[PDB]
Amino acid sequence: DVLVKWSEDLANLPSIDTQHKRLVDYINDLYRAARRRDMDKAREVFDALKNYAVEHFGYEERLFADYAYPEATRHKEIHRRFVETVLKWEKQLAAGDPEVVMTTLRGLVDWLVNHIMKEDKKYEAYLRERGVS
């Protein structure tokens, strides 16, 4: 059913919430496909999750650029490394079974929750103060 439930703990800027909430929906879509043992759906969902994550990162990075956020550089490198990691995980799915999918999801969750609560939260005050929403 649901692997990760959204919490007010993850809240940030309103437009950022809609995106993180979407990433969470993808994690839940992927988990469900694993529960069903449907590896084709899993690979499909994973691909879209990855792609969306990349666009989400780009949106955040555009905000960093537009509002001259002092930590744009480091945050960008953080996003950059996760993408490589995701691309790596992606390969494990070709021959993987529902089991490997569960390991991946736990990895995805592990990274996503930590990143949102620890990394993305750093930019909230800074951007709200400059009228971003």
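Numbering starts at 1 and runs along the sequence shown.
- Stretches compared: 51 to 59, 101 to 109. Higher mean C-alpha B-factor in the entry: 101 to 109.
- Mean C-alpha B-factor is higher over 5 to 13 than over the other stretch, the pair under comparison being 18 to 26 and 5 to 13.
- Sorting the modelled residues of the chain by their CA temperature factor places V45 in the middle third.
- Per the PDB record, residue ranking by Cα B-factor puts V86 in the middle third of the chain.
- Among all modelled residues in its chain, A68 ranks in the middle third by Cα B-factor.
- Annotation for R74: C-alpha temperature factor in the middle third relative to the rest of the modelled chain, per the entry.
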